[PDB]
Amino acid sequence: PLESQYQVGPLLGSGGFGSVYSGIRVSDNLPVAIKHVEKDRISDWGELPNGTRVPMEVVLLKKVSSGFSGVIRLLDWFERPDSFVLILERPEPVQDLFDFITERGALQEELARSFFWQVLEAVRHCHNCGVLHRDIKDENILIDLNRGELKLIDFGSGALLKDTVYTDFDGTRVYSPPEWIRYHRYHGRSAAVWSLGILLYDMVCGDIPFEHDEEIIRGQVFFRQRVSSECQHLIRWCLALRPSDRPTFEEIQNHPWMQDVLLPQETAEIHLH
């Protein structure tokens, strides 16, 4: 089932998420990624309409893999005795945003605007399909280097979107909002907007703004790089201490700093090729 249909290549990476290998679908040589997760290392489980116990990530990816998007597509999945295996699409050539930022340092605002806009479109798509990622960060974003298109990855910390409080969190701490640090309580959209503020700061400054819990709680933003006043304003708004003071996704995309975004292909020509 798995062995015959996919030819396995080298390990791309491993960590809390499991182990991800490059691969190729044997039938048509389609590039793929193959994610293995041990059953013991999965805490968040869900059920398919069919009535089958699977990892939540499988439920979430099926809900968002409908149509095209800036979300990594689940092509197939398999259950094994002690693990689940997910077959994901693989752009070629590709680089993850963390490595891209590390190599360039801070991104030019024009580039950060295009990237951030695409992340916003992808996150909006997730929320429309009832899915909350809960771990938005540069490490969970891939760049299709030829087309200039960003793709969200790793829904292993995610959940079904709801309007009530979340009391569990498995995402990355330094991207987590002050309300989680202080009260172990947050709401979906406003916590997501906090992580987007951290991401945007990361793009235009070349690193995250807060390291320790006390910096997150204080919420004072210091700019280490030259950043436009409009971009600083949007960042500070996303990082409002009070969740209800943070912008909606609509307010983010109507912010003056977000106007006249480049198309992804233009973005590649000017900034990537």
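The term rigid core refers to the most C-alpha atoms you can superpose between the two forms while keeping them within 1.5 Å. All residue numbers are counted from 1 along the displayed sequence.
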**Request:** Please pick 67-75 or 127-135, whichever has its Cα atoms farther from the shown form in 4 other deposited structures of this protein after a rigid core fit.
**Result:** 67-75
**Request:** Determine, for 238-246 and 42-50, which one has C-alphas that on average lie farther from this form in 4 other deposited structures of this protein; superpose on the rigid core first.
**Result:** 42-50
**Message:** I need to verify one thing: averaged over C-alpha atoms only, is the B-factor higher for 177-185 or for 107-115?
**Reply:** 177-185
**Request:** Tell me which of 48-56 and 202-210 has the higher mean C-alpha B-factor in the deposited entry.
**Result:** 48-56
**Message:** Per the entry's Cα B factor values, which of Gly158, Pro81, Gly197, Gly130 stands out as the maximum?
**Reply:** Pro81
**Request:** Among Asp154, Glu92, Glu121, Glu149, single out the one with the highest C-alpha B factor in the record, please.
**Result:** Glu92
**Fill in**
Split the chain's modelled residues into thirds by Cα B-factor; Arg226 lands in the lowest
**Fill in**
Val26: CA temperature factor from the record, placed by chain third, in the highest
**Message:** For the chain shown, is the CA B-factor of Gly15 in the lowest, middle or highest third of its modelled residues?
**Reply:** middle
**Item:** Entry-reported Cα temperature factor of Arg134, expressed as the chain third it lands in
**Value:** lowest
**Request:** Classify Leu61 as lowest, middle or highest third according to the C-alpha B-factor given in the PDB entry, relative to its own chain.
**Result:** middle
